[PDB]
>>> print(open('model-v1.txt').read())   # compact mmCIF, N, CA and C atoms and all ligand atoms
# COMPACT_ATOMS: atom_id res chain seq x y z
N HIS N 33 -35.63 38.67 -12.41
CA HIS N 33 -34.75 39.06 -11.27
C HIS N 33 -33.24 38.73 -11.50
N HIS N 34 -32.44 39.70 -11.12
CA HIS N 34 -31.03 39.79 -11.49
C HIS N 34 -30.08 39.29 -10.40
N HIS N 35 -30.61 38.69 -9.33
CA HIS N 35 -29.79 37.96 -8.36
C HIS N 35 -29.69 36.53 -8.89
N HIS N 36 -28.48 36.18 -9.32
CA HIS N 36 -28.19 34.86 -9.95
C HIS N 36 -27.44 33.87 -9.01
N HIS N 37 -27.27 34.26 -7.74
CA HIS N 37 -26.66 33.46 -6.67
C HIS N 37 -25.23 33.04 -7.00
N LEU N 38 -24.48 33.94 -7.61
CA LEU N 38 -23.07 33.72 -7.91
C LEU N 38 -22.22 34.05 -6.70
N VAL N 39 -22.78 34.77 -5.74
CA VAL N 39 -22.21 34.97 -4.41
C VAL N 39 -23.33 34.81 -3.36
N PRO N 40 -22.98 34.52 -2.10
CA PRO N 40 -21.62 34.23 -1.59
C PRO N 40 -21.09 32.89 -2.10
N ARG N 41 -19.77 32.73 -1.96
CA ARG N 41 -19.02 31.54 -2.41
C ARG N 41 -18.87 30.50 -1.29
N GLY N 42 -18.46 29.30 -1.69
CA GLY N 42 -17.91 28.25 -0.82
C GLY N 42 -16.64 28.67 -0.13
N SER N 43 -16.15 27.76 0.72
CA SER N 43 -14.94 28.02 1.45
C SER N 43 -14.58 26.65 2.07
N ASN N 44 -13.40 26.65 2.59
CA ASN N 44 -12.95 25.56 3.41
C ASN N 44 -13.35 25.91 4.82
N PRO N 45 -13.64 24.92 5.64
CA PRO N 45 -13.86 25.20 7.05
C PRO N 45 -12.57 25.55 7.74
N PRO N 46 -12.67 26.12 8.94
CA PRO N 46 -11.45 26.30 9.72
C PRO N 46 -10.84 24.95 9.99
N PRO N 47 -9.50 24.91 10.00
CA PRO N 47 -8.83 23.65 10.21
C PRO N 47 -8.92 23.19 11.65
N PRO N 48 -8.65 21.93 11.90
CA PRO N 48 -8.58 21.46 13.29
C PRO N 48 -7.58 22.22 14.14
N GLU N 49 -7.88 22.41 15.43
CA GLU N 49 -6.90 23.07 16.27
C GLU N 49 -5.63 22.28 16.43
N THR N 50 -4.53 23.02 16.57
CA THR N 50 -3.24 22.44 16.88
C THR N 50 -2.67 22.92 18.21
N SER N 51 -3.44 23.74 18.90
CA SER N 51 -3.10 24.30 20.20
C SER N 51 -4.37 24.33 20.95
N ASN N 52 -4.26 24.25 22.25
CA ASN N 52 -5.40 24.43 23.14
C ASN N 52 -4.83 24.47 24.57
N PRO N 53 -4.66 25.68 25.13
CA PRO N 53 -3.99 25.73 26.43
C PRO N 53 -4.65 24.94 27.51
N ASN N 54 -5.99 24.85 27.53
CA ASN N 54 -6.67 24.11 28.55
C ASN N 54 -6.82 22.62 28.31
N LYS N 55 -6.37 22.13 27.17
CA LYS N 55 -6.33 20.65 26.97
C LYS N 55 -5.19 19.99 27.77
N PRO N 56 -5.51 18.87 28.45
CA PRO N 56 -4.43 18.13 29.13
C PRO N 56 -3.43 17.54 28.13
N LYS N 57 -2.16 17.62 28.47
CA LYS N 57 -1.03 17.23 27.57
C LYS N 57 0.03 16.52 28.35
N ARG N 58 0.74 15.58 27.72
CA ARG N 58 1.89 14.93 28.32
C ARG N 58 2.89 14.65 27.25
N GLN N 59 4.13 14.48 27.68
CA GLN N 59 5.15 13.88 26.85
C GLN N 59 5.31 12.43 27.30
N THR N 60 5.26 11.49 26.37
CA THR N 60 5.46 10.09 26.68
C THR N 60 6.36 9.44 25.64
N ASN N 61 6.88 8.28 26.00
CA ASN N 61 7.77 7.55 25.12
C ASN N 61 7.07 7.22 23.83
N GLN N 62 5.82 6.82 23.94
CA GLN N 62 5.01 6.42 22.77
C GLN N 62 4.74 7.63 21.87
N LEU N 63 4.51 8.82 22.44
CA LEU N 63 4.26 9.99 21.63
C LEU N 63 5.56 10.51 20.94
N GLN N 64 6.71 10.43 21.60
CA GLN N 64 7.99 10.74 20.97
C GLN N 64 8.23 9.82 19.78
N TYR N 65 7.92 8.55 19.95
CA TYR N 65 8.06 7.58 18.85
C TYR N 65 7.09 7.93 17.71
N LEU N 66 5.88 8.34 18.05
CA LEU N 66 4.89 8.68 17.03
C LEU N 66 5.36 9.85 16.19
N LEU N 67 6.10 10.78 16.74
CA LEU N 67 6.67 11.87 15.96
C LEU N 67 7.92 11.43 15.18
N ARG N 68 8.90 10.89 15.90
CA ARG N 68 10.25 10.72 15.34
C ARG N 68 10.25 9.59 14.34
N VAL N 69 9.43 8.55 14.56
CA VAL N 69 9.36 7.39 13.67
C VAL N 69 8.09 7.33 12.80
N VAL N 70 6.91 7.40 13.39
CA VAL N 70 5.70 7.11 12.62
C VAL N 70 5.40 8.28 11.66
N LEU N 71 5.19 9.45 12.22
CA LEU N 71 4.84 10.59 11.43
C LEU N 71 5.98 10.87 10.44
N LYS N 72 7.24 10.91 10.88
CA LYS N 72 8.29 11.38 9.96
C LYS N 72 8.57 10.40 8.84
N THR N 73 8.26 9.13 9.02
CA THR N 73 8.45 8.19 7.92
C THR N 73 7.32 8.32 6.93
N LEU N 74 6.08 8.44 7.39
CA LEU N 74 4.97 8.61 6.48
C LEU N 74 5.09 9.92 5.75
N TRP N 75 5.52 10.98 6.41
CA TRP N 75 5.61 12.32 5.85
C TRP N 75 6.50 12.39 4.61
N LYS N 76 7.61 11.67 4.66
CA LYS N 76 8.61 11.65 3.59
C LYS N 76 8.21 10.71 2.44
N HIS N 77 7.14 9.96 2.58
CA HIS N 77 6.73 8.98 1.58
C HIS N 77 6.12 9.69 0.38
N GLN N 78 6.43 9.17 -0.82
CA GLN N 78 5.90 9.76 -2.05
C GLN N 78 4.38 9.76 -2.19
N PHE N 79 3.67 9.06 -1.31
CA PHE N 79 2.23 9.11 -1.30
C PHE N 79 1.68 10.04 -0.24
N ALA N 80 2.52 10.76 0.47
CA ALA N 80 2.03 11.57 1.59
C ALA N 80 1.31 12.80 1.17
N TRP N 81 1.65 13.39 0.00
CA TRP N 81 1.24 14.72 -0.30
C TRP N 81 -0.26 15.07 -0.19
N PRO N 82 -1.20 14.15 -0.56
CA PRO N 82 -2.60 14.54 -0.42
C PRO N 82 -2.99 14.72 1.04
N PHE N 83 -2.17 14.16 1.94
CA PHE N 83 -2.47 14.03 3.37
C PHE N 83 -1.64 14.98 4.19
N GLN N 84 -0.85 15.87 3.62
CA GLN N 84 0.10 16.72 4.38
C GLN N 84 -0.50 18.04 4.88
N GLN N 85 -1.79 18.25 4.58
CA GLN N 85 -2.44 19.52 4.92
C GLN N 85 -3.93 19.28 4.98
N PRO N 86 -4.67 20.12 5.70
CA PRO N 86 -6.12 20.05 5.64
C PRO N 86 -6.61 20.05 4.21
N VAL N 87 -7.64 19.27 3.91
CA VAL N 87 -8.12 19.14 2.56
C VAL N 87 -8.58 20.51 2.07
N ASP N 88 -7.96 20.98 1.00
CA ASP N 88 -8.36 22.24 0.34
C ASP N 88 -9.38 21.90 -0.73
N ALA N 89 -10.63 21.79 -0.29
CA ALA N 89 -11.76 21.43 -1.14
C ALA N 89 -12.02 22.44 -2.25
N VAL N 90 -11.68 23.70 -2.00
CA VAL N 90 -11.81 24.79 -3.00
C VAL N 90 -10.81 24.54 -4.13
N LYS N 91 -9.53 24.52 -3.80
CA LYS N 91 -8.47 24.24 -4.82
C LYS N 91 -8.70 22.95 -5.59
N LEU N 92 -9.03 21.89 -4.89
CA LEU N 92 -9.11 20.58 -5.49
C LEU N 92 -10.43 20.32 -6.22
N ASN N 93 -11.34 21.31 -6.15
CA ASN N 93 -12.61 21.20 -6.80
C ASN N 93 -13.37 20.01 -6.29
N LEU N 94 -13.40 19.88 -4.94
CA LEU N 94 -14.16 18.80 -4.26
C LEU N 94 -15.26 19.42 -3.40
N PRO N 95 -16.29 20.01 -4.03
CA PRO N 95 -17.23 20.78 -3.24
C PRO N 95 -18.09 19.96 -2.33
N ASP N 96 -18.15 18.64 -2.50
CA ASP N 96 -18.85 17.75 -1.60
C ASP N 96 -18.02 17.31 -0.41
N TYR N 97 -16.72 17.64 -0.36
CA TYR N 97 -15.87 16.93 0.61
C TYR N 97 -16.31 17.17 2.08
N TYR N 98 -16.51 18.43 2.44
CA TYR N 98 -16.92 18.75 3.83
C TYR N 98 -18.42 18.57 4.03
N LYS N 99 -19.17 18.22 2.99
CA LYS N 99 -20.55 17.73 3.20
C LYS N 99 -20.53 16.31 3.71
N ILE N 100 -19.55 15.52 3.25
CA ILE N 100 -19.43 14.12 3.60
C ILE N 100 -18.55 13.88 4.83
N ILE N 101 -17.45 14.62 4.90
CA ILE N 101 -16.47 14.45 5.97
C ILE N 101 -16.60 15.53 7.00
N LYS N 102 -17.13 15.15 8.16
CA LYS N 102 -17.44 16.10 9.25
C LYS N 102 -16.38 16.10 10.34
N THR N 103 -15.47 15.14 10.29
CA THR N 103 -14.33 15.05 11.20
C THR N 103 -13.03 14.98 10.37
N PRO N 104 -12.63 16.10 9.72
CA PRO N 104 -11.44 16.10 8.90
C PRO N 104 -10.20 15.90 9.77
N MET N 105 -9.18 15.28 9.17
CA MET N 105 -7.91 15.16 9.84
C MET N 105 -6.86 14.91 8.80
N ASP N 106 -5.66 15.35 9.07
CA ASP N 106 -4.56 15.26 8.10
C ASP N 106 -3.25 15.23 8.83
N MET N 107 -2.20 14.82 8.14
CA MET N 107 -0.89 14.68 8.79
C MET N 107 -0.22 16.00 9.10
N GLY N 108 -0.55 17.07 8.41
CA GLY N 108 -0.03 18.42 8.77
C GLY N 108 -0.49 18.78 10.17
N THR N 109 -1.79 18.62 10.39
CA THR N 109 -2.40 18.83 11.70
C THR N 109 -1.74 17.90 12.73
N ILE N 110 -1.59 16.61 12.44
CA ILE N 110 -1.00 15.67 13.41
C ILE N 110 0.44 16.08 13.71
N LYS N 111 1.21 16.44 12.67
CA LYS N 111 2.60 16.87 12.85
C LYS N 111 2.65 18.07 13.80
N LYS N 112 1.82 19.07 13.55
CA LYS N 112 1.83 20.25 14.40
C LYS N 112 1.40 19.90 15.82
N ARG N 113 0.39 19.06 15.96
CA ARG N 113 -0.05 18.64 17.30
C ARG N 113 1.12 17.93 18.04
N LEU N 114 1.82 17.04 17.38
CA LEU N 114 2.96 16.37 18.01
C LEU N 114 4.05 17.34 18.35
N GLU N 115 4.35 18.27 17.46
CA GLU N 115 5.39 19.32 17.74
C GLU N 115 5.02 20.18 18.91
N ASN N 116 3.72 20.38 19.10
CA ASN N 116 3.20 21.28 20.15
C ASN N 116 2.87 20.48 21.39
N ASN N 117 3.18 19.20 21.45
CA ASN N 117 2.87 18.38 22.61
C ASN N 117 1.41 18.40 23.00
N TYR N 118 0.53 18.43 22.01
CA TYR N 118 -0.93 18.60 22.17
C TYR N 118 -1.62 17.40 22.83
N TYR N 119 -1.04 16.22 22.64
CA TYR N 119 -1.70 15.00 23.05
C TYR N 119 -1.42 14.63 24.51
N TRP N 120 -2.37 13.94 25.11
CA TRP N 120 -2.24 13.36 26.45
C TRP N 120 -1.61 11.96 26.38
N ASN N 121 -1.89 11.19 25.32
CA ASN N 121 -1.37 9.83 25.21
C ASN N 121 -1.31 9.44 23.77
N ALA N 122 -0.76 8.26 23.52
CA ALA N 122 -0.57 7.79 22.16
C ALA N 122 -1.90 7.54 21.50
N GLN N 123 -2.91 7.10 22.23
CA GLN N 123 -4.20 6.78 21.67
C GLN N 123 -4.78 7.97 21.00
N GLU N 124 -4.68 9.17 21.59
CA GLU N 124 -5.29 10.33 20.95
C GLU N 124 -4.65 10.62 19.60
N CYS N 125 -3.34 10.44 19.49
CA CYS N 125 -2.66 10.66 18.21
C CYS N 125 -2.99 9.57 17.17
N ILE N 126 -2.98 8.33 17.61
CA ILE N 126 -3.35 7.21 16.73
C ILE N 126 -4.76 7.37 16.23
N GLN N 127 -5.68 7.82 17.07
CA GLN N 127 -7.05 8.03 16.62
C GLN N 127 -7.08 9.09 15.51
N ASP N 128 -6.23 10.11 15.59
CA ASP N 128 -6.16 11.07 14.52
C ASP N 128 -5.75 10.42 13.21
N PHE N 129 -4.75 9.56 13.24
CA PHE N 129 -4.35 8.86 12.00
C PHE N 129 -5.50 7.99 11.51
N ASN N 130 -6.18 7.27 12.42
CA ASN N 130 -7.26 6.40 12.01
C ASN N 130 -8.39 7.22 11.36
N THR N 131 -8.69 8.40 11.91
CA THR N 131 -9.69 9.29 11.31
C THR N 131 -9.29 9.71 9.89
N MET N 132 -8.02 10.10 9.73
CA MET N 132 -7.55 10.46 8.42
C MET N 132 -7.75 9.35 7.43
N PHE N 133 -7.34 8.13 7.75
CA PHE N 133 -7.48 7.03 6.80
C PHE N 133 -8.96 6.70 6.53
N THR N 134 -9.76 6.62 7.59
CA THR N 134 -11.18 6.35 7.47
C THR N 134 -11.85 7.38 6.60
N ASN N 135 -11.54 8.67 6.75
CA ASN N 135 -12.12 9.67 5.88
C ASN N 135 -11.88 9.34 4.41
N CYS N 136 -10.65 8.90 4.11
CA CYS N 136 -10.27 8.64 2.73
C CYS N 136 -11.10 7.46 2.17
N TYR N 137 -11.28 6.45 3.00
CA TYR N 137 -12.04 5.29 2.54
C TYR N 137 -13.50 5.61 2.43
N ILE N 138 -14.03 6.50 3.28
CA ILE N 138 -15.44 6.93 3.11
C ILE N 138 -15.64 7.71 1.83
N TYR N 139 -14.81 8.72 1.60
CA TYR N 139 -15.01 9.69 0.58
C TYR N 139 -14.81 9.13 -0.84
N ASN N 140 -13.88 8.20 -1.02
CA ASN N 140 -13.43 7.82 -2.36
C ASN N 140 -13.91 6.40 -2.60
N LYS N 141 -13.58 5.85 -3.75
CA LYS N 141 -14.01 4.47 -4.11
C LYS N 141 -12.83 3.53 -4.08
N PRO N 142 -13.03 2.24 -3.71
CA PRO N 142 -11.89 1.31 -3.80
C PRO N 142 -11.26 1.30 -5.19
N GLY N 143 -9.95 1.19 -5.25
CA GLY N 143 -9.21 1.31 -6.51
C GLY N 143 -8.85 2.70 -7.01
N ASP N 144 -9.49 3.76 -6.48
CA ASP N 144 -9.06 5.11 -6.81
C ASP N 144 -7.57 5.26 -6.42
N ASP N 145 -6.83 6.09 -7.15
CA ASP N 145 -5.44 6.35 -6.82
C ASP N 145 -5.28 6.81 -5.35
N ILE N 146 -6.15 7.68 -4.88
CA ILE N 146 -6.00 8.17 -3.52
C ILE N 146 -6.21 7.06 -2.48
N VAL N 147 -7.07 6.09 -2.78
CA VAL N 147 -7.28 4.97 -1.92
C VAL N 147 -6.06 4.04 -1.93
N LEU N 148 -5.45 3.83 -3.10
CA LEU N 148 -4.20 3.07 -3.17
C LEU N 148 -3.13 3.71 -2.32
N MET N 149 -3.06 5.04 -2.33
CA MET N 149 -2.12 5.76 -1.51
C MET N 149 -2.38 5.57 -0.03
N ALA N 150 -3.64 5.74 0.35
CA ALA N 150 -3.98 5.60 1.78
C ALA N 150 -3.70 4.20 2.24
N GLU N 151 -4.00 3.20 1.42
CA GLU N 151 -3.77 1.78 1.78
C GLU N 151 -2.29 1.56 2.03
N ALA N 152 -1.42 2.12 1.20
CA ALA N 152 0.02 1.91 1.40
C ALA N 152 0.47 2.61 2.62
N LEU N 153 0.00 3.84 2.85
CA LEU N 153 0.43 4.57 4.04
C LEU N 153 -0.08 3.89 5.31
N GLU N 154 -1.30 3.35 5.23
CA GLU N 154 -1.89 2.66 6.38
C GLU N 154 -1.11 1.42 6.69
N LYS N 155 -0.72 0.64 5.68
CA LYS N 155 0.11 -0.52 5.88
C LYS N 155 1.39 -0.16 6.59
N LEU N 156 2.08 0.88 6.18
CA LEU N 156 3.28 1.34 6.84
C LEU N 156 3.02 1.80 8.29
N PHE N 157 1.97 2.63 8.43
CA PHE N 157 1.49 3.01 9.76
C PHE N 157 1.35 1.79 10.66
N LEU N 158 0.59 0.79 10.24
CA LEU N 158 0.34 -0.38 11.11
C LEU N 158 1.63 -1.13 11.43
N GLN N 159 2.55 -1.25 10.48
CA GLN N 159 3.85 -1.86 10.78
C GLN N 159 4.66 -1.09 11.82
N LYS N 160 4.72 0.23 11.70
CA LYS N 160 5.38 1.04 12.67
C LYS N 160 4.65 1.02 14.04
N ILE N 161 3.31 0.97 14.05
CA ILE N 161 2.52 0.89 15.31
C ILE N 161 2.88 -0.38 16.06
N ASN N 162 3.11 -1.49 15.35
CA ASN N 162 3.49 -2.72 15.99
C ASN N 162 4.85 -2.66 16.68
N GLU N 163 5.66 -1.64 16.44
CA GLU N 163 6.94 -1.55 17.15
C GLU N 163 6.92 -0.38 18.16
N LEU N 164 5.71 0.06 18.52
CA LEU N 164 5.57 1.08 19.54
C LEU N 164 6.24 0.60 20.84
N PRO N 165 6.94 1.49 21.52
CA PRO N 165 7.50 1.03 22.82
C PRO N 165 6.37 0.59 23.79
N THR N 166 6.63 -0.47 24.53
CA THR N 166 5.65 -1.04 25.48
C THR N 166 6.04 -0.68 26.94
N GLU N 167 7.23 -0.10 27.14
CA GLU N 167 7.49 0.74 28.32
C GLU N 167 6.63 2.01 28.24
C1 LIG V 1 -8.21 14.32 -9.97
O1 LIG V 1 -7.45 14.68 -8.79
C2 LIG V 1 -6.65 13.71 -8.27
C3 LIG V 1 -6.47 12.44 -8.82
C4 LIG V 1 -5.60 11.55 -8.18
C5 LIG V 1 -4.92 11.95 -7.04
BR1 LIG V 1 -3.73 10.77 -6.18
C6 LIG V 1 -5.07 13.20 -6.53
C7 LIG V 1 -5.91 14.13 -7.17
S1 LIG V 1 -6.07 15.72 -6.48
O2 LIG V 1 -5.17 15.79 -5.35
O3 LIG V 1 -5.87 16.75 -7.55
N1 LIG V 1 -7.66 15.77 -5.98
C8 LIG V 1 -8.08 14.91 -5.02
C9 LIG V 1 -7.47 14.79 -3.76
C10 LIG V 1 -8.03 13.93 -2.86
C11 LIG V 1 -9.16 13.19 -3.07
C12 LIG V 1 -9.79 13.27 -4.32
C13 LIG V 1 -9.22 14.14 -5.26
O4 LIG V 1 -9.80 14.28 -6.53
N2 LIG V 1 -9.69 12.35 -2.06
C14 LIG V 1 -9.30 12.59 -0.77
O5 LIG V 1 -9.74 11.85 0.10
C15 LIG V 1 -8.32 13.66 -0.51
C16 LIG V 1 -8.98 15.00 -0.32
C17 LIG V 1 -7.42 13.31 0.67
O6 LIG V 1 -7.40 13.78 -1.62
>>> encode(input="model-v1.txt", output="structure tokens")
Amino acid sequence: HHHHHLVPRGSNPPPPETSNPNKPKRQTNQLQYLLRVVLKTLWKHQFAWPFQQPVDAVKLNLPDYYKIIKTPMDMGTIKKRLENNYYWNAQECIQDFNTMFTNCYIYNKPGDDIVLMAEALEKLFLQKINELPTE
């Protein structure tokens, strides 16, 4: 038999939403800080690049990635959500960052370059979180 299962192919899943008209949203001091300070400082960091977009498992030849990671998250998505005022409070945005970092620690092994990157970005994240406005 001449069906060799070379098709259909893999794909990336649809990315997380960055808009949702029926989701409750607010602008708050803490969320403005999360954009202007937290996100924009991490974004410009030389370790940000693996985290600036939804994981392209096809390009990166990581065919197990979405088998293991069922709650993907990335800073491109977070940036767009903040630009679009998607969040109700700071907790929802912080949880997105925590998901991103946790995914990295699940998927990879301690000492991998990508884990060293996430650790540095997380350290910076936590330092900036400690100066969140308390008004
Ligand atoms: C061999 O690919 C590497 C090696 C080191 C680094 Br740093 C980055 C790459 S890659 O970007 O070409 N592939 C790659 C990217 C990864 C990961 C593993 C990779 O091989 N692990 C991850 O958690 C995500 C998806 C965020 O980033």
>>> residues_near_ligand(input="model-v1.txt", ligand="ligand LIG 1 (chain V)", cutoff="12 Å", atoms="only C-alpha atoms and all ligand atoms", output="VMD selection string")
chain N and resid 44 78 to 98 100 to 101 104 to 107 131 to 151
>>> write_last_selection(input="model-v1.txt", atoms="N, CA and C atoms", output="compact mmCIF listing (two decimals), in the frame of the given file")
# COMPACT_ATOMS: atom_id res chain seq x y z
N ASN N 44 -13.40 26.65 2.59
CA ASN N 44 -12.95 25.56 3.41
C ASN N 44 -13.35 25.91 4.82
N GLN N 78 6.43 9.17 -0.82
CA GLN N 78 5.90 9.76 -2.05
C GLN N 78 4.38 9.76 -2.19
N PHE N 79 3.67 9.06 -1.31
CA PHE N 79 2.23 9.11 -1.30
C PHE N 79 1.68 10.04 -0.24
N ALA N 80 2.52 10.76 0.47
CA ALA N 80 2.03 11.57 1.59
C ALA N 80 1.31 12.80 1.17
N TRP N 81 1.65 13.39 0.00
CA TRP N 81 1.24 14.72 -0.30
C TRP N 81 -0.26 15.07 -0.19
N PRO N 82 -1.20 14.15 -0.56
CA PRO N 82 -2.60 14.54 -0.42
C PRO N 82 -2.99 14.72 1.04
N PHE N 83 -2.17 14.16 1.94
CA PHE N 83 -2.47 14.03 3.37
C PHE N 83 -1.64 14.98 4.19
N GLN N 84 -0.85 15.87 3.62
CA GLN N 84 0.10 16.72 4.38
C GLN N 84 -0.50 18.04 4.88
N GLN N 85 -1.79 18.25 4.58
CA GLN N 85 -2.44 19.52 4.92
C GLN N 85 -3.93 19.28 4.98
N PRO N 86 -4.67 20.12 5.70
CA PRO N 86 -6.12 20.05 5.64
C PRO N 86 -6.61 20.05 4.21
N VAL N 87 -7.64 19.27 3.91
CA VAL N 87 -8.12 19.14 2.56
C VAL N 87 -8.58 20.51 2.07
N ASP N 88 -7.96 20.98 1.00
CA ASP N 88 -8.36 22.24 0.34
C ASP N 88 -9.38 21.90 -0.73
N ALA N 89 -10.63 21.79 -0.29
CA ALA N 89 -11.76 21.43 -1.14
C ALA N 89 -12.02 22.44 -2.25
N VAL N 90 -11.68 23.70 -2.00
CA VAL N 90 -11.81 24.79 -3.00
C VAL N 90 -10.81 24.54 -4.13
N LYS N 91 -9.53 24.52 -3.80
CA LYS N 91 -8.47 24.24 -4.82
C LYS N 91 -8.70 22.95 -5.59
N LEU N 92 -9.03 21.89 -4.89
CA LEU N 92 -9.11 20.58 -5.49
C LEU N 92 -10.43 20.32 -6.22
N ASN N 93 -11.34 21.31 -6.15
CA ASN N 93 -12.61 21.20 -6.80
C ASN N 93 -13.37 20.01 -6.29
N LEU N 94 -13.40 19.88 -4.94
CA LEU N 94 -14.16 18.80 -4.26
C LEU N 94 -15.26 19.42 -3.40
N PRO N 95 -16.29 20.01 -4.03
CA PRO N 95 -17.23 20.78 -3.24
C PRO N 95 -18.09 19.96 -2.33
N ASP N 96 -18.15 18.64 -2.50
CA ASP N 96 -18.85 17.75 -1.60
C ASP N 96 -18.02 17.31 -0.41
N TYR N 97 -16.72 17.64 -0.36
CA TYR N 97 -15.87 16.93 0.61
C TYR N 97 -16.31 17.17 2.08
N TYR N 98 -16.51 18.43 2.44
CA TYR N 98 -16.92 18.75 3.83
C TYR N 98 -18.42 18.57 4.03
N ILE N 100 -19.55 15.52 3.25
CA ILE N 100 -19.43 14.12 3.60
C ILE N 100 -18.55 13.88 4.83
N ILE N 101 -17.45 14.62 4.90
CA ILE N 101 -16.47 14.45 5.97
C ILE N 101 -16.60 15.53 7.00
N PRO N 104 -12.63 16.10 9.72
CA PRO N 104 -11.44 16.10 8.90
C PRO N 104 -10.20 15.90 9.77
N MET N 105 -9.18 15.28 9.17
CA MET N 105 -7.91 15.16 9.84
C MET N 105 -6.86 14.91 8.80
N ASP N 106 -5.66 15.35 9.07
CA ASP N 106 -4.56 15.26 8.10
C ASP N 106 -3.25 15.23 8.83
N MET N 107 -2.20 14.82 8.14
CA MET N 107 -0.89 14.68 8.79
C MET N 107 -0.22 16.00 9.10
N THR N 131 -8.69 8.40 11.91
CA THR N 131 -9.69 9.29 11.31
C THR N 131 -9.29 9.71 9.89
N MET N 132 -8.02 10.10 9.73
CA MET N 132 -7.55 10.46 8.42
C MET N 132 -7.75 9.35 7.43
N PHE N 133 -7.34 8.13 7.75
CA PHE N 133 -7.48 7.03 6.80
C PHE N 133 -8.96 6.70 6.53
N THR N 134 -9.76 6.62 7.59
CA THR N 134 -11.18 6.35 7.47
C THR N 134 -11.85 7.38 6.60
N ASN N 135 -11.54 8.67 6.75
CA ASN N 135 -12.12 9.67 5.88
C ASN N 135 -11.88 9.34 4.41
N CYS N 136 -10.65 8.90 4.11
CA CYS N 136 -10.27 8.64 2.73
C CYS N 136 -11.10 7.46 2.17
N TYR N 137 -11.28 6.45 3.00
CA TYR N 137 -12.04 5.29 2.54
C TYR N 137 -13.50 5.61 2.43
N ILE N 138 -14.03 6.50 3.28
CA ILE N 138 -15.44 6.93 3.11
C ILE N 138 -15.64 7.71 1.83
N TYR N 139 -14.81 8.72 1.60
CA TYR N 139 -15.01 9.69 0.58
C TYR N 139 -14.81 9.13 -0.84
N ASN N 140 -13.88 8.20 -1.02
CA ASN N 140 -13.43 7.82 -2.36
C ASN N 140 -13.91 6.40 -2.60
N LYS N 141 -13.58 5.85 -3.75
CA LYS N 141 -14.01 4.47 -4.11
C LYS N 141 -12.83 3.53 -4.08
N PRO N 142 -13.03 2.24 -3.71
CA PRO N 142 -11.89 1.31 -3.80
C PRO N 142 -11.26 1.30 -5.19
N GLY N 143 -9.95 1.19 -5.25
CA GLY N 143 -9.21 1.31 -6.51
C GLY N 143 -8.85 2.70 -7.01
N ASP N 144 -9.49 3.76 -6.48
CA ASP N 144 -9.06 5.11 -6.81
C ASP N 144 -7.57 5.26 -6.42
N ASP N 145 -6.83 6.09 -7.15
CA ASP N 145 -5.44 6.35 -6.82
C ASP N 145 -5.28 6.81 -5.35
N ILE N 146 -6.15 7.68 -4.88
CA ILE N 146 -6.00 8.17 -3.52
C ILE N 146 -6.21 7.06 -2.48
N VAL N 147 -7.07 6.09 -2.78
CA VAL N 147 -7.28 4.97 -1.92
C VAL N 147 -6.06 4.04 -1.93
N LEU N 148 -5.45 3.83 -3.10
CA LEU N 148 -4.20 3.07 -3.17
C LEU N 148 -3.13 3.71 -2.32
N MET N 149 -3.06 5.04 -2.33
CA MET N 149 -2.12 5.76 -1.51
C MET N 149 -2.38 5.57 -0.03
N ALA N 150 -3.64 5.74 0.35
CA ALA N 150 -3.98 5.60 1.78
C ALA N 150 -3.70 4.20 2.24
N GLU N 151 -4.00 3.20 1.42
CA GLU N 151 -3.77 1.78 1.78
C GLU N 151 -2.29 1.56 2.03
>>> atom_distance(input="model-v1.txt", atom1="atom N of residue 64 of chain N", atom2="atom N of residue 159 of chain N")
16.7 Å
>>> select_by_dssp(input="model-v1.txt", residues="segment 67-154 of chain N", states="helix (DSSP H, G or I)", output="VMD selection string")
chain N and resid 67 to 75 81 to 83 97 to 100 107 to 115 122 to 139 145 to 154
>>> closest_residue(input="model-v1.txt", among="N:113, N:156, N:166, N:130", to="residue 57 of chain N", atoms="only C-alpha atoms")
N:113
>>> closest_residue(input="model-v1.txt", among="N:53, N:63, N:99, N:41", to="residue 123 of chain N", atoms="only C-alpha atoms")
N:63
>>> closest_residue(input="model-v1.txt", among="N:153, N:122, N:71, N:161", to="residue 110 of chain N", atoms="all atoms listed in the file")
N:71
>>> residues_near_point(input="model-v1.txt", point="(-3.1, 15.3, 27.1)", cutoff="8 Å", atoms="all atoms listed in the file", output="VMD selection string")
chain N and resid 55 to 59 117 to 121
>>> atom_distance(input="model-v1.txt", atom1="atom N of residue 154 of chain N", atom2="atom CA of residue 52 of chain N")
28.0 Å
>>> build_atoms(input="model-v1.txt", residues="segment 143-147 of chain N", atoms="N, CA, C and O atoms", output="PDB file, in the frame of the given file")
ATOM      1  N   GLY N 143      -9.950   1.190  -5.250  1.00  0.00           N
ATOM      2  CA  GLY N 143      -9.210   1.310  -6.510  1.00  0.00           C
ATOM      3  C   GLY N 143      -8.850   2.700  -7.010  1.00  0.00           C
ATOM      4  O   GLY N 143      -7.982   2.825  -7.888  1.00  0.00           O
ATOM      5  N   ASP N 144      -9.490   3.760  -6.480  1.00  0.00           N
ATOM      6  CA  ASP N 144      -9.060   5.110  -6.810  1.00  0.00           C
ATOM      7  C   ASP N 144      -7.570   5.260  -6.420  1.00  0.00           C
ATOM      8  O   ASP N 144      -7.145   4.673  -5.415  1.00  0.00           O
ATOM      9  N   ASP N 145      -6.830   6.090  -7.150  1.00  0.00           N
ATOM     10  CA  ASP N 145      -5.440   6.350  -6.820  1.00  0.00           C
ATOM     11  C   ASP N 145      -5.280   6.810  -5.350  1.00  0.00           C
ATOM     12  O   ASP N 145      -4.337   6.378  -4.647  1.00  0.00           O
ATOM     13  N   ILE N 146      -6.150   7.680  -4.880  1.00  0.00           N
ATOM     14  CA  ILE N 146      -6.000   8.170  -3.520  1.00  0.00           C
ATOM     15  C   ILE N 146      -6.210   7.060  -2.480  1.00  0.00           C
ATOM     16  O   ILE N 146      -5.591   7.078  -1.424  1.00  0.00           O
ATOM     17  N   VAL N 147      -7.070   6.090  -2.780  1.00  0.00           N
ATOM     18  CA  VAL N 147      -7.280   4.970  -1.920  1.00  0.00           C
ATOM     19  C   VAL N 147      -6.060   4.040  -1.930  1.00  0.00           C
ATOM     20  O   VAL N 147      -5.643   3.572  -0.858  1.00  0.00           O
TER      21      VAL N 147
END
